[PDB]
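**Student:** give the three-dimensional model of this entry:
(chains A, B, C, D, E, F, G, H and I, ligands or ions: 7)
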Amino acid sequence: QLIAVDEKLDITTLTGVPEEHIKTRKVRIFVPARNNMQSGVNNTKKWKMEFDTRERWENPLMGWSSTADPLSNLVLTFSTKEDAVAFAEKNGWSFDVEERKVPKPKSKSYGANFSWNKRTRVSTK
Amino acid sequence: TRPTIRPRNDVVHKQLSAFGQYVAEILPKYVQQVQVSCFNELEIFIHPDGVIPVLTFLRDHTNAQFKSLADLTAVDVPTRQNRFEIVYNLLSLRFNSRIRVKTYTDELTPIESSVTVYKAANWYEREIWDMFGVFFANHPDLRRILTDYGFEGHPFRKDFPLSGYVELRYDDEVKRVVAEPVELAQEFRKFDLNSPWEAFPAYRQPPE
Amino acid sequence: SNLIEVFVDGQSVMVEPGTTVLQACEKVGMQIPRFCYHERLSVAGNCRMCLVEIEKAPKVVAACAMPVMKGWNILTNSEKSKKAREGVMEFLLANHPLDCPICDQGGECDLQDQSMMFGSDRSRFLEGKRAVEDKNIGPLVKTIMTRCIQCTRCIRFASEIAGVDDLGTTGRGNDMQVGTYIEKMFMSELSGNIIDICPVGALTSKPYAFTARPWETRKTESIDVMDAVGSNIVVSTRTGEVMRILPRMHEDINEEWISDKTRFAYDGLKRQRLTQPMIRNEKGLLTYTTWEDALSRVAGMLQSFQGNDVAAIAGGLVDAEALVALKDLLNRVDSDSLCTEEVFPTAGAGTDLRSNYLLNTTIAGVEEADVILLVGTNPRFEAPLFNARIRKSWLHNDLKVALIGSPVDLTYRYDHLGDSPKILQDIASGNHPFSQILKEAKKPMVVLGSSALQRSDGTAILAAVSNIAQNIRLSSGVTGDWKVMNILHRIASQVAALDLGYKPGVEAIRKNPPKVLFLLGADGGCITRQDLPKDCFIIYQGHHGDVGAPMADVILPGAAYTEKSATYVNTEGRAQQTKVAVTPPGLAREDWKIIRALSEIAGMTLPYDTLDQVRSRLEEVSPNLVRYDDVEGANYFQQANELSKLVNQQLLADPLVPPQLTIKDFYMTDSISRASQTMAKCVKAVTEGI
Amino acid sequence: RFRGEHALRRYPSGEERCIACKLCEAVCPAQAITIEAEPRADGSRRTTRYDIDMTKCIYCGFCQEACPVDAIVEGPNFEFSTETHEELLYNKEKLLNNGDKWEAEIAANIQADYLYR
Amino acid sequence: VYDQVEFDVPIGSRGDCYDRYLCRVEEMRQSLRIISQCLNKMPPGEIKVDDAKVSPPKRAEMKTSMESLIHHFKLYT
Amino acid sequence: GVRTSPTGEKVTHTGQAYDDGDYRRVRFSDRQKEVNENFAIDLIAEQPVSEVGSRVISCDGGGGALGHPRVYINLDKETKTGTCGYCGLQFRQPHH
Amino acid sequence: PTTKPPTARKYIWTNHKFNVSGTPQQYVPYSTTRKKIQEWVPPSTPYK
Amino acid sequence: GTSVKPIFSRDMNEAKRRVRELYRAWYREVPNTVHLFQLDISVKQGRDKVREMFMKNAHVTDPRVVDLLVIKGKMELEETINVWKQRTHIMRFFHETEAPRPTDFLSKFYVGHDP
Amino acid sequence: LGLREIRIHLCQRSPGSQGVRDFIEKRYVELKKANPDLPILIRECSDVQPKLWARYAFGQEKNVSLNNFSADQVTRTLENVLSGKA
Ligand code: SF4
Ligand code: SF4
Ligand code: SF4
Ligand code: SF4
Ligand code: FES
Ligand SMILES: [Mg+2]
Ligand SMILES: [Zn+2]
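**Tutor:** Numbers count the residues shown, from 1 in each chain, chains lettered A, B, ... in the order given. Ligands and ions are numbered 1, 2, ... in the order given. Sure, structure below:
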């Protein structure tokens, strides 16, 4: 009732993806960086998978942005790094993993602004 | 609350909680979790092996008799080891109530067909197979129902591109319609709309 | 230990003493609303948006400034804190202008998002709003002060980070305004960051004005190549066009900031670009040709000559892939004359030991040093983020700074030991009091710039600095893995080229003039046709038409750093890779692909075919080039110091003068910067001001 | 209220109302609007490209209800059939010409309907 | 508001096409009945939920108030 | 203010015109090129500057709810005039 | 419009035009933006 | 461990048995498909196409993937036999209108940036 | 036949590179005096066996493993490479 087969998962032959969109692609597994224009951090909570950028050219009519790859807008969301790595592996995609960047904790002291002898004393407020 | 806020119904909430406890007690072999939402919707999470028993009990029991299968579909969550969750929506005319049953599967594990419990499931399981690639065992005739003949892939998967891989046109040299790789005159514009400054504190996750 | 127990919404958490309420809530996973608080700046406490309720306390506290007390329960979502947030948002929006459709920061506004999430949905303000006149602070930052909420983030950043005290508040009450009080331009190498720190549209990028909306842009995470710091950046693109450059947070390199050149030099990527292969016609002029014809013309000359007659020069913006490709191609010709425009002394160890030409202390290590000595360098313009780190350490760790060279403005006070190079010999001998000052230092640091190595005394200057470092090690003992010796690099391609075995400097070309010369992005003007024999064949490969292009026989259009996935190694020795944001224009191709195609045309086909195989070759040559965040490395100071005692070249009596002496010399350094109109505007503004 | 062919309006002084906020482009359910902008010679915030693909448009009118300055409207013309696909790809010149052509009726309809909006 | 209107539900007896035709005609008549009731009982008041974080504000409010303009911008972007 | 390119084509208010060697001019052969004859920049340049004796004034584009969002313009600076960021109208204090 | 005429504007067309499809005055679409990337122009003087 | 629920085949031998049955059915069907759809190809080239489509998946070592492929191929055969497909669907296997993409490095370098 | 450069790849903390570390620290300076014009590139590996590369004329390259070699073993390897004898 159970096969108990030892082999890594591979579903490339079942997904219907063309041959040249499997071996030549390079997905990036990363936590997106915070938009430095804003202080919110709610967009740096999950892991993202994105594909490598391909050619975009100008349409001779309308000058619009034309593309020839179907994976230019495909972005996946994952809870953990391991989930993204497993999904990339079982789909036969070569991947690059970037470790999550966390802002290190810092020491803040409002009283350090009005310092008696240190350089941290502010000239205005 | 105020007239812009949807009112609550505690009586229906209690009734659904009691019936969820009842069903969970009767079938401890398959039931994994029971939930009741704030808008009075009852969900029962079961093991995949219990699809036929749980559905048969809900259809045939005197106190349940959910005689109508409202809808059957799948949801794709790539981050889970079991990629797909199967959702059954049932309606009981005798007691004027609705129930939801959820299970799970992956790309390679078949799910038992429920066409013997509900005849309506025949086309729903075909649609699930066509859109997600979930195989249903002992189906009368499982085949594509929505996509074109010879279409490769399952479009409703999250990793399937929106515009697909091939496009159609008429070729005069061969005097027939041919398929060629997609090439957009204007690429679909991806919009990053999700904002920081999290909106709903009640759903905040532990920072692990 | 000394941790105290505090509660956030009833859940316990252990925090260090001195932790504020905001940080205690952050440790739980909630971001407290804020407008004036910045993690990188001093606490202000004026926007009052972070007011939160402490249980069993009638009055709310400012989470950004109030240190949490043991046993406190922070009610982050109680009715009191929500009402405080709504009132503060109402007060902030009472006078704000209805400028959202015309404000450049529509979809990136902290004010808009925090009004949606924490404020009300309507206004009861029936009066007229205030309007203040705009200010002119240069061609980089557009100023619309009606949108200003008076959070004083810009003032604090200018005072503490940029070292410029030109910003402040004039007036009182409702009529208090942020500005300079006079017509004065806020020009510094870090002036563009006040746009990022500003939560509203009061400060916006002027060259970026009105061009794009944030939800439309695609975000590409890449690496800056404008200098050798290698600050992490985000490239915003839309419809295949680069729109702007944003900093990407990296605590160890650039924290949250980028230099003005890094931020605004992308304008030069749209001008003076090389898009097609070019050759010389019968009239001696450059004309367009196909890739096949140009590659065949180069391959014929490559096959005609071999050995010492073939040479290559690498520019300041060349990646490791193209460098190793060119090295392999010329090695198949039995040519070892592979040179860079930047000069490093080859005497003794040379490039054999990696620590001989690296910033061994690393950028983050500056925060641990107590004394730093700068020799023959201007860190403010050569490495703006390194100088910013030094300024931060000087401000917070009471770091002592001394300089040997021209008395340049570094935005912090330092000790000017002098200008003559003989001061290095005096310090090494032990007569100078700064030798004893270095002796007492627990974490001494000595930094020598490559600009000081560009002069003929590079070997002697390096030997003197190594003697100083060796005296420090011998006297003060072995503190540990501190790595006193340091060298600050200025160009992004130098360290990778030195790791790959390139010969620093161009002395080999002058000693042995070639008949075929490769200019891989070389626009320094070190070698001209006067230094070459008659009818020398020059191939220029690059992305910009500059000083290196018109004297070439064949022009091969390459890709810029924004148009390829390329490896760069910073002055720390840390290898980083860029990503493709847009594709090269016209017929331009990837540099290593051009070299590999040329090798195939000449019959000397190279083993690699894809980018992965190129990086495998890089690992074969220098394995540290594939460790994409590693900075750790072995210290071989003793061996290099001992090998530096062989030659005894004398120092010249010429004052140390860095190439960048004022801000006007900082904007125009490379081909991308020289083709930028924004840099030209900055140079014009600093040269004559309005 | 009826939605017809799209038009770009202008102020009574003669300057175009559009300020290139790109809200209509963001709200467009069919992605039928393409907008490019830069500062004008006088420093005004104006578009250099404003394209509407009428063979992608669904004529929902979301763009005109999202516009904060009443710049883009969907005018009452419905008899604008075309013999080729290309002439249904409107650029900024075509939309400004449509506005100048239909402004009288467009303004009358807006006056009739603006108290319901 | 379907609990506030009165109508009858046509019920078939044979399960064939004729019964379904009769049922549809009767539903048309009952729809006329419900339309009459709706016309005679139309109440006053606003048309969308008075919550600007979900429903966009009025044009005059959007062109007059700061909060209304912010909410309109965010709801339409 | 429609100008004519040296090729002969009308230059639109966005300033674009196909170059001499551009093959894309072939689309206008046997046909015409749509150019809007009313240039907004010139038309707003013809508007006279309004004289107001107030330090801060508001502009909504006219027509009340039929204009643009109401904004307030400061007129403290005498070197230049206050310009509406929505409508382009100019305002100025009565100097001297 | 005879009893109450439309509001007069300087930019409103004085002469109404009908549908001009299939006619030399038909609308011909084109890009209204300028060139984005500027090419380098080689010098006219020979190097040697 | 790694115990999984079977679809049709417990091991590889019976999976290959199903593969061979499907191949036999397709090989038998090729001439009837060629005649009935009035295709311009020959029976030899149709059987060559069938062989190539079977050989594209020769690397699979998972019996579950193998029997899912067999199920998909049997659906394909059912579509072909019942004349649910038209001539275009059958001819889509040959890519007659697609210009060939050269494989060598120089051709890809000349044509564009696509590796 | 002419040797062009030598590359020594040793891992910083692995015990397989202990002999190479000792060799460098003790006698790399003397080896460099013996060959002042020969570039000897010392780089660091990671979770890889120590290796030595020699580049010859026209791009010919050969590599030898130095795993678990003592300082004397890698020394003798370097004299073997420099003198040209196998
Ligand atoms: S700063 Fe923010 S709230 Fe103010 S006008 Fe600009 S986008 Fe709107
Ligand atoms: S200009 Fe911006 S950063 Fe400076 S005080 Fe005003 S709102 Fe704050
Ligand atoms: S009417 Fe709707 S579909 Fe058409 S352009 Fe406007 S928003 Fe887009
Ligand atoms: S038409 Fe209106 S909504 Fe669209 S960009 Fe112009 S001003 Fe904004
Ligand atoms: S964030 Fe605390 S008062 Fe401003
Ligand atoms: Mg800002
Ligand atoms: Zn106005």
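
**Student:** could you use CA atoms for every contact and neighbour count after this?
**Tutor:** Fine.

**Student:** buried residues, the longest helix anywhere in chain D. List them.
**Tutor:** When chain D is parsed with DSSP state H, its longest helix is helix D:92-113. If you call a residue buried by 16 or more other C-alpha atoms under 10 Å in any protein chain shown, then helix D:92-113 has these buried ones: D:92-107, D:110.

**Student:** got it, and stretch B:67-86?
**Tutor:** B:67-70, B:72-80, B:82-86.

**Student:** please apply the same query to stretch C:279-298.
**Tutor:** Buried residues in stretch C:279-298 (16+ other C-alpha under 10 Å): C:279-280, C:285-286, C:291, C:294-295, C:297-298.

**Student:** end to end on that stretch, go ahead and measure it.
**Tutor:** This stretch, stretch C:279-298, spans 10 Å end to end (C-alpha to C-alpha, to the nearest Å).

**Student:** what separation is there between residue D:99 and residue B:94?
**Tutor:** Residue D:99 is 61 Å from residue B:94, by C-alpha to C-alpha.

**Student:** quick check, central residue of chain B?
**Tutor:** residue B:74 (2.7 Å; C-alpha atoms, centre = their mean).

**Student:** for residue B:184, list the residues it contacts.
**Tutor:** A:66-68 (C-alpha atoms under 8 Å, 6 or more residues apart in numbering or on different chains).

**Student:** mark which of these are part of helices, please.
**Tutor:** Among those, no member falls in helices (DSSP H).

**Student:** may I ask which of those has the most neighbours?
**Tutor:** residue A:67 (23 neighbours; other C-alpha atoms under 10 Å in any protein chain shown).

**Student:** now for the closest residue to that residue other than its chain neighbours: which residues touch it?
**Tutor:** Spatial nearest neighbour of residue A:67, chain neighbours left out: residue A:56 (4.9 Å); criterion: C-alpha to C-alpha, 6 or more residues apart in numbering or on different chains. If you count contacts by C-alpha under 8 Å, 6+ apart, residue A:56 has them with A:65-68, C:239-240, C:582-583.

**Student:** mind putting those residues in CSV, distance to residue I:59 included?
**Tutor:** CSV is the format used below for those (distance: C-alpha to C-alpha, whole Å):
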residue, distance to residue I:59
A:65, 44
A:66, 43
A:67, 41
A:68, 39
C:239, 44
C:240, 40
C:582, 35
C:583, 32
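
**Student:** residue of chain F nearest chain H, please.
**Tutor:** residue F:23 (21.9 Å; C-alpha to the nearest C-alpha).

**Student:** over to residue A:49: give its phi and psi.
**Tutor:** In terms of degrees, to the nearest 10, the main-chain angles of residue A:49 are phi -120, psi 130.

**Student:** separation between it and residue B:133?
**Tutor:** Taking C-alpha to C-alpha, one finds residue A:49 at 22 Å from residue B:133.

**Student:** coming back round to it: make TSV out of the contacts of residue B:184 and add distance to residue C:306.
**Tutor:** Formatted as TSV, the contacts of residue B:184 follow (distance: C-alpha to C-alpha, whole Å):
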residue	distance to residue C:306
A:66	45
A:67	44
A:68	43
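
**Student:** for those, which one is nearest residue E:70?
**Tutor:** Nearest to residue E:70 out of those is residue A:66 (C-alpha to C-alpha; 33.7 Å).

**Student:** enumerate the residues of chain E near chain B.
**Tutor:** E:49-51, E:77 (C-alpha under 8 Å from any C-alpha of the partner chain).

**Student:** before we move on, back to that, may I have the beta-bridge partners of the residue nearest to the centre of chain B?
**Tutor:** Assessed by DSSP bridges, residue B:74 has beta-bridge partners residue B:86.

**Student:** the nearest residue to residue C:29 once chain neighbours are set aside and ligand 1, how far apart?
**Tutor:** What sits nearest to residue C:29 in space, not counting adjacent residues and going by C-alpha to C-alpha, 6+ apart, is residue B:207, at 5.4 Å. Distance of residue B:207 to ligand 1, given as C-alpha to the nearest ligand atom, to the nearest Å: 30 Å.

**Student:** got it, and residue C:495?
**Tutor:** Taking C-alpha to the nearest ligand atom, one finds residue C:495 at 43 Å from ligand 1.

**Student:** just to be sure, that residue is in a helix?
**Tutor:** Yes: judged by DSSP: H, G, I helix; E, B strand; the rest coil, residue C:495 forms part of a helix.
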